[PDB]
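Asker: Chains as they are written, first to last, in the entry's author numbering: chain C, 5 to 371; chain I, 329 to 398, 405 to 622, 636 to 654; chain K, 5 to 398, 405 to 622, 636 to 797. C-beta atoms are modelled at their ideal positions from N, C-alpha and C, and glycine is treated no differently. Got a structure for you, written out below as structure tokens; questions coming shortly.
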């Protein structure tokens, strides 16, 4: 019966039935084979632990996120993600539910085909649809116009939508955030002697990326107040008892979203990709793209955005034009609350691909 | 009814009046969010005194969508959804207040061991006006279901009686109104099955709902467009301003203005954990994750088919 | 021809076939037009031509199947003929009210010595047959009464024992002790289950001994299977044992203050499940206010037609003085039961000096003073016996235990005392009917049948495993032995093989690779796990046809269960999912050597009377497998008799027949399967007295004066039927396939021709008058 909304996060895969409250399953996507010899021999140990159990078994495994820069590593691990999710989280048979899968706005062919095709032949769902995560965040925001900033680990996106059409020539994909923000944070925490070099320990880095980071209002002036003796330094406690004091680097890492020169990539900041996508849209429509700037995803939950984003855009944007940046709480589940609204609406049941027609058609027409 | 309990009944009726005096605006930090107006601070102090709630906990319950990750977060609502939530909270209190008055009266004539019973219905007939809306469509829809009951109890049962008394009489078939029932309340393709789906849609529209009736039922003999009507009044109404349903009692045009607003009866979970959680004993006595918006037209269709 | 159509409410209803095709059998109901549905070939069964007939033996039917057998029982329920012979198996239906004269002593004196089939089926017609086999083949006979709990297996057992101590003489000076003792031992062993309020959680086996002179010499009652786990943990809708609610709702205030007893919610072994008492309106006001727990105050009494906890305490203490139990010894029996309750109130923690060790909680000091006063032990010597592992180097050292092993040791010590207490009560009762020089004996088994619930655990797996071993006994005693009898009576019959359940036996109890051989090895493992035990079943038996995973099941409930939360075993009675939560805990029955040198060493004389280096944990599942295979050796060594008791309704009231639950009791008892193998080469086989009643109505009064042995031999000779199609036996006529239906149309055809053939065979009997006399 009931449809299932499963969002193919790159974080943070999210899963839950069609409405009305919150996702049933959220997990950090990691697959990990055991890197040490067993010695206790027990046995009973699994060939690969998925999350959450692989986050209770850090240091005995080598964690591998299965989706890297929006590309799935292999469908052998992906199928195990799916199987784990449906069976050992949700507790549901795929033949009972038409499913809803998500993708990125711009991703290479045949990554949506091969996925769709394998999931139809392996799990044998009766119907399926694949939605881009940005469109779903507009349904969640309750707007029908605006440029959508969907920023999650490890692919961010910039999609302009106008009532209710999309402009293909203005959609921008940045591979800037968020795993590179994790790797950059790990590179500037080595600068303060905290040797977190290993794959597993990168999850601990991610936890300091969540909790302890903040953003400047202006870089140059926060660098000024950093030179002062004031307490920008916050003390974190580590699982083995160590106390880590980070200060300058604390606001330095998120600023990368406005200056990709910090990471050293040639691409320009969210600031400039916003302006350059807006100034690829037709003259009349630009008026309502301003003030319907909508943020989304988990990596937009740094404290100083959006009012950093606001002040910076307001400096490059035309004078006397009203700019509002829409950023609700809960942005990590924005996409999912989108999907819930979508698959519940009649008549869009008939925009699902059904198994009988798929049997004849195959990967054609999906895209 | 005690005079001290009559004063608490007057506090509930006056609390609905000072609930409607709360006006919203936009803000934020959330940036998208909803806040209240400056003129709604004196009105919120007198409203929370009658209801028996704290002012700060009622201000972030009319303006937010509470959800959980089990922590329990709060997500600010839109301004149109705030105005629909205040109006839905006012209709929710009067619903439980009307059921409380009949429960006080039913307690003055309690019954014990029963078997047979004589019911007495008192409901209005086809009342049509010059300007007809949603409530006149609910009255005429209830009259078409009662008239289909009268066609199977006055005409079908009666001719069964002519064949029970030795009269015999050849069966004469009546003209059914079942086609109107499978227009107004039809599953997936009915008018109430498109009206309740419009409220679930992001950015609802009265022009989109009017065109969806003619797009879904293009050919049905019971349905007509304002320009196909011969009555003059209907000649002033535009295509996206209403639609004509032909009933057994006549052809009635229904305007589509505020139809969607009237079909909104959303009961927000944060307001449920507020009206239940009131500090007043009378309100507690009155009120003694699915489905989002719940449905109003199918709430009434459930109570009509149960009758 | 009409067939039997599956109906949801009635199970089976009458209906014709009006469209036919593969998996498209369109069935129109009879006398209910319109409701024409479709079926499948395996769900439709043919029906009998005559609807007014009811047959004593069901092998006297023409179209034998489950729907024609459920209709014969539905008609004989209406005509009040509850006792019905199906082949060599007695089928009994519980009426739940007293039927006139069927239990009469004039009825019992009538039946005495009469041959089977000559007299109508009755409970005493099975007991008379298994008394003449004592003189024929001279072998001890075991009466095995099966059926779901609350089906009358104990009341019909008291009718069988009353016939044996009356029809074949007396025997015992006092009969009534055997009858009266059963509700006494059911106080200790009965509990409350989801299926039945009054259910027995033990398998009693009466052994009435006799001698070569054929007279009773006394008896011996034992018991097999005790739900020891029930003491420690109970289900939500279940109670514990029914003696604890008869002690807290029955016993006086000069007994409860002397045993320091409080309300059931204070005791750990009684605060898990249901604490409510079984009482009626009058008894509700009789129970004292201090005995009523807050859950009893909120939810009130439990209702049953028979049970009353305060009422059954008066009939418990009356039955104690009738078996000769002294009131001073009854007070020591109450001190042992109360000592198990204050044993469960001991709570452990960690400490130490040992640093790893186990200690007790502060709240367990007042509870330990009252527990050691009832048990008769010192407090300090019991505190370092629940918390240490005593060993020797011969000095004798003590090594503190873990906290989980302390909680398992306290629970194992509580189950150990109730084990020896249950054996002490049956030893006190067996002493009231002692036996002397024996040879022959008649056993009477009383154990429940396939009882499956919505939530199934370890004890439901022990009941279904015991039912699969008993059903493999029924497949080699009802099907194998019976076809040996067809080849002993000159019938011959080609052997038909049955489907064996031996593959389930070598799954549950297989050596090294069995489920109990992995469950008992899990408890020996350091840090046991329920996830490790569930994955070890699927890792060890990956391919077995009897085993399935929760995701491979189609039932919805099972769809909520996760892979590491349970496993599905397919049984002969159906596919049952067993949850793996607390399976390992229930398989723990470790008897620590320090506690053995404490319970034996008690200062109380009653405890001494009760209890009158290998193997570590000892085994619980293989403790019960030893006592189950020992009872199998007593069944394979004795002559068995098969009685099946069918419950007609869940309300337990007279004149109510549900038809859907009764059908499930025919499918969860092997009845359909035994009546498909047995059909073989001679599906219809009817006795001479049954063929006299069914066909005398087509005969005139004058001709009907003949005896049934002569009437059946003159009607067979008059028709001249072929012996290979119609076999004439000693007391029955055996019909080949399609020939009983052809014989019914002989009798329903040409009356003048049949009366002329009766005249011709009468002439032959006048000529064959002297030939037989020499």
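With a threshold of 16 other CB atoms inside 10 Å of the CB of residue 166 (chain C), please say whether the residue is buried or exposed.
Answerer: For the purposes of this step, residue 166 (chain C) is taken as the residue at position 162 of the first chain. Buried, since its Cβ has 16 or more Cβ neighbours within 10 Å.
Asker: Pairs of beta-carbons, one from the segment 252 to 270 of chain K and one from the segment 221 to 231 of chain K, closer than 8 Å: are there three or more?
Answerer: no
Asker: Can you give me, in chain order, the residues of the segment 318 to 331 of chain C that have a beta carbon less than 7 Å from any beta carbon in chain I?
Answerer: 328, 329, 330, 331
Asker: Going by CA-CA distance only, name the one from C:41, C:62, C:37, C:59 that's closest to residue 50 (chain C).
Answerer: Start at 1 with the first residue of the first chain, and residue 50 (chain C) comes out as number 46. Answer by Cα proximity: C:37.
Asker: Can you list the residues of chain I that residue 310 (chain C) reaches, using a CB-CB cut of under 7 Å?
Answerer: Taking the first residue of the first chain as position 1, residue 310 (chain C) is located at position 306. By Cβ distance, chain I contributes 359.
Asker: Considering only C-alpha positions, which residue in the set I:596, I:575, I:461, I:417 is nearest to residue 589 (chain I)?
Answerer: In the second chain, residue 589 (chain I) corresponds to position 255, counting from 1. The shortest Cα separation from residue 589 (chain I) among I:596, I:575, I:461, I:417 belongs to I:575.
Asker: Measuring CB atoms only, is the segment 128 to 137 of chain K touching the segment 162 to 169 of chain K, in the sense that at least three cross pairs come out at less than 8 Å?
Answerer: Segment contact: the segment 128 to 137 of chain K against the segment 162 to 169 of chain K, three or more CB-CB distances shorter than 8 Å; contact assigned.
Asker: So is residue 570 (chain K) in contact with chain C if we call contact Cβ pairs under 7 Å?
Answerer: For the purposes of this step, residue 570 (chain K) is taken as residue 560 along the third chain, with counting starting at 1. Yes, because at least one Cβ of chain C sits closer than 7 Å to the Cβ of residue 570 (chain K).
Asker: Say whether the segment 321 to 333 of chain C touches the segment 177 to 192 of chain C, bearing in mind that this needs 3 or more beta-carbon pairs closer than 8 Å, one atom from each stretch.
Answerer: no
Asker: Establish whether the CB of residue 350 (chain C) and some CB of chain I are separated by less than 7 Å.
Answerer: Numbered from its first residue, the first chain carries residue 350 (chain C) at position 346. Interface residue, yes.
Asker: Report yes if the CB atom of residue 155 (chain K) is closer than 7 Å to the CB atom of residue 668 (chain K), and no otherwise.
Answerer: Counted from its first residue, the third chain places residue 155 (chain K) at position 151. Counted from its first residue, the third chain places residue 668 (chain K) at position 645. Yes.
Asker: Does DSSP classify residue 8 (chain K) as helix, strand or coil?
Answerer: For the purposes of this step, residue 8 (chain K) is identified with residue 4 of the third chain, where counting begins at 1. Reduced to three states, the DSSP call for residue 8 (chain K) is strand.
Asker: What's the call for residue 542 (chain K), buried or exposed, on a 16-neighbour Cβ count within 10 Å?
Answerer: In the third chain, residue 542 (chain K) corresponds to position 532, counting from 1. So residue 542 (chain K) counts as buried.
Asker: Quick one: is residue 367 (chain K) buried, meaning 16 or more other Cβ sit within 10 Å of its Cβ, or exposed?
Answerer: Locating residue 367 (chain K) in the third chain gives position 363, counting from the first residue. Exposed is the call here.
Asker: Give a yes or no on contact between the segment 604 to 622 of chain K and the segment 331 to 348 of chain K, applying the rule of three or more CB pairs nearer than 8 Å.
Answerer: Yes, since at least three Cβ pairs between the segment 604 to 622 of chain K and the segment 331 to 348 of chain K fall closer than 8 Å, the two stretches touch.
Asker: Can you name, in chain order, every residue of its own chain whose Cβ lies under 6 Å from the Cβ of residue 353 (chain I), other than the five neighbours on each side?
Answerer: As a position in the second chain, residue 353 (chain I) is number 25, starting the count at 1. Within the same chain, residue 353 (chain I) has close Cβ partners 363, 365.
Asker: Could you tell me which uninterrupted alpha helix (DSSP H) segments, each at least 4 residues in length, are contained entirely in the segment 673 to 748 of chain K, listed from first to last along the chain?
Answerer: Runs found: 684 to 690, 694 to 700, 713 to 716, 731 to 742.
Asker: With a cut-off of 7 Å, does the C-beta of residue 542 (chain K) fall near any C-beta of chain C?
Answerer: Against the third chain, residue 542 (chain K) aligns to sequence position 532. Cβ-Cβ to chain C under 7 Å: yes for residue 542 (chain K).
Asker: In the DSSP output, which residue or residues are listed as bridge partners for residue 105 (chain C)?
Answerer: The sequence position of residue 105 (chain C) within the first chain is 101, counting from 1. Looking at the DSSP assignment, residue 105 (chain C) forms a beta bridge with C:134.
Asker: Hey, quick one: how far does the beta strand (DSSP E) through residue 664 (chain K) stretch, first residue to last?
Answerer: Working through the third chain from its first residue, we reach residue 664 (chain K) at position 641. Residues 662 to 669.
Asker: Can you tell which of K:321, K:256, K:309, K:303 has the C-alpha that lies nearest to the C-alpha of residue 290 (chain K)?
Answerer: Position 286 of the third chain, counted from the first residue, corresponds to residue 290 (chain K). Of K:321, K:256, K:309, K:303, the residue nearest in Cα terms is K:256.
Asker: Could you tell me whether the Cβ atoms of residue 430 (chain K) and residue 189 (chain K) are closer together than 7 Å?
Answerer: For the purposes of this step, residue 430 (chain K) is identified with residue 420 of the third chain, where counting begins at 1. For the purposes of this step, residue 189 (chain K) is identified with residue 185 of the third chain, where counting begins at 1. No. Outside cutoff.
Asker: Who pairs with residue 376 (chain I) in a beta bridge, going by DSSP?
Answerer: As a position in the second chain, residue 376 (chain I) is number 48, starting the count at 1. Partner(s): none; residue 376 (chain I) has no beta bridge.
Asker: Comparing the C-beta of residue 204 (chain C) with each C-beta of chain I, is any distance below 7 Å?
Answerer: Taking the first residue of the first chain as position 1, residue 204 (chain C) is located at position 200. Taking Cβ atoms only, chain I never reaches closer than 7 Å to residue 204 (chain C), which makes this a no.
Asker: Between the Cα of residue 371 (chain C) and those of C:75, C:22, C:135, spot the shortest distance and give me the residue it belongs to.
Answerer: Locating residue 371 (chain C) in the first chain gives position 367, counting from the first residue. Among C:75, C:22, C:135, the Cα nearest to that of residue 371 (chain C) is on C:135.
Asker: In the segment 36 to 57 of chain C, which residues sit with their C-beta less than 7 Å from some C-beta in chain K, listed in chain order?
Answerer: 48
Asker: If we define contact as Cβ-Cβ less than 7 Å, is residue 536 (chain I) a contact residue for chain C?
Answerer: As a first step, residue 536 (chain I) must be located in the second chain, where it is residue number 202. Yes, residue 536 (chain I) lies at the interface with chain C (some Cβ there is under 7 Å from its Cβ).
Asker: Going by DSSP, what residue range makes up the beta strand (DSSP E) through residue 545 (chain K)?
Answerer: The residue given as residue 545 (chain K) occupies position 535 in the third chain. First-last for residue 545 (chain K): 540 to 550, but that is the alpha helix (DSSP H), not the beta strand (DSSP E).
Asker: Would you mind working out which of C:179, C:142, C:170 sits nearest residue 159 (chain C), comparing C-alpha positions?
Answerer: Stepping through the first chain from its first residue, residue 159 (chain C) is reached at position 155. Per the Cα distances, C:179.
Asker: My output table needs one value for residue 428 (chain I): the three-state DSSP class, helix, strand or coil.
Answerer: As a first step, residue 428 (chain I) is located in the second chain; it is residue number 94 there, counting from the start. Of the three classes helix, strand and coil, the one that applies to residue 428 (chain I) here is helix, per DSSP.
Asker: Applying a beta-carbon distance threshold of less than 7 Å, which residues of chain C neighbour residue 545 (chain K)?
Answerer: As a first step, residue 545 (chain K) must be located in the third chain, where it is residue number 535. Correct list: 48.
Asker: Between residue 350 (chain I) and chain C, is any beta-carbon pair separated by less than 7 Å?
Answerer: In the second chain, counting from the first residue as 1, residue 350 (chain I) sits at position 22. Taking Cβ atoms only, chain C never reaches closer than 7 Å to residue 350 (chain I), which makes this a no.
Asker: Compare the C-alpha of residue 748 (chain K) against each of K:704, K:674, K:735, K:8 and name the closest.
Answerer: Numbered from its first residue, the third chain carries residue 748 (chain K) at position 725. Among K:704, K:674, K:735, K:8, the Cα nearest to that of residue 748 (chain K) is on K:704.
Asker: For residue 395 (chain I), which beta-bridge partners are listed by DSSP?
Answerer: Along the second chain, one-based indexing puts residue 395 (chain I) at 67. Answer is I:407.
Asker: Classify residue 314 (chain K) as helix, strand or coil using the three-state DSSP reduction.
Answerer: Taking the first residue of the third chain as 1, we reach residue 314 (chain K) at position 310. DSSP places residue 314 (chain K) in helix when its eight states are reduced to three.
Asker: Just to confirm my understanding: we take residue 351 (chain K), look at its own chain, exclude 5 residues before and 5 after, and list those with CB closer than 6 Å. What are they?
Answerer: Against the third chain, residue 351 (chain K) aligns to sequence position 347. Once the five neighbours on either side are set aside, the close Cβ partners of residue 351 (chain K) are 365, 368.
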